[PDB]
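This document starts with one chain, in the form deposited without the named molecule, laid out as structure tokens.
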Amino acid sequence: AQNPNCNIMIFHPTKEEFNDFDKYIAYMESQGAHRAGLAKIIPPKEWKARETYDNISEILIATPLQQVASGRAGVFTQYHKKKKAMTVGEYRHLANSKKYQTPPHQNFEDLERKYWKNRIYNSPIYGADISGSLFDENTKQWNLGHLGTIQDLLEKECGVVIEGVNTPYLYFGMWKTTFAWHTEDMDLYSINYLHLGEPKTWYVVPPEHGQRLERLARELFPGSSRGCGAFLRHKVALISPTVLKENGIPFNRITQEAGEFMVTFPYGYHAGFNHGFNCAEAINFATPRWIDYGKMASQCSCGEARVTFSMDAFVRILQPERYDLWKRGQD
């Protein structure tokens, strides 16, 4: 068995190997990358996402989200308070202000220490979940707006044609902006490209150990667990690495820098934080290996998780028994 300790693997494809996205994902899996839940892909030196980032300031962040924490420093939830619209240039200036800017630090480990000590005492503002793309249309390799769609994969594997579309999303971050512990919708893959700015630190639980994280979360968030049998789908709970280690939960960590891709694998729980002003692009995708994970994915039906249009068909076809209850949650 390849990668039996479930380490995060880092890949350096050549420009030739960067042509065929599906083939490269399957290669990485042949080497055991999926066992970690997360892999890094450093693009060949010949590649670029676009020519420059000098002209992005007028992108609008219609609904910036202030991430307000409750709990203790290593075990907390966050809620998203909606703020007034602002441009990317306005958000960048805000990120760099004395109130929000990255503190002085020695290295990524020192900054990570400071994040976990102090996150809860601040409420950073995240420009998350913005439909759009920063890939040039002429970028032919690993262009996250030109991937094969999940609806087409389902149709190719299973023969059933379904409605829905699959487009990318932009994330503009600042120091301390946080992504809570989650798997993707329908336990899909994700791919995330850090276009510019400061790093993103990731934590990940191997898919084979995801239920250990779920059991800890039920213990640590006992009201939420009574409310919903899949409350991590709400994407609000944070647990620090120190607390994970105290509770014996297997996990790994890695820091993504600008110009690098991360892939999350089906049922790989992940969480993390941004180091300072940055911009990432991410999208979900599927492969043949995903289908069995999609059929088994948990679902929130309490009403909180509320998701895209395109998840309907995935539930309907892969999980027909659960469909009626889940759809009630959506309505």
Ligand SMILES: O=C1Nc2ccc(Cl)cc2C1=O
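Shifts are known only where both forms have a C-alpha. Throughout, we count residues from 1 along the sequence that is shown. By rigid core we mean the largest C-alpha set that fits within 1.5 Å across both forms.
Beyond what is shown, the protein has a form solved in complex with the named molecule; the following relates to that form.
Placed here by superposing the C-alphas around the site, the named molecule (as posed in the deposited complex) has at least 3 atoms within 2.4 Å of backbone or C-beta atoms: blocked pocket. The named molecule is not shown here, and in the deposited complex it never comes within 4.5 Å of any heavy atom of residue 41. Considering only residues present in both forms and aligning them on the rigid core, one finds just one run of three or more residues with C-alpha shifts of 2 angstroms or more between the shown form and the other one, namely 324 to 328.
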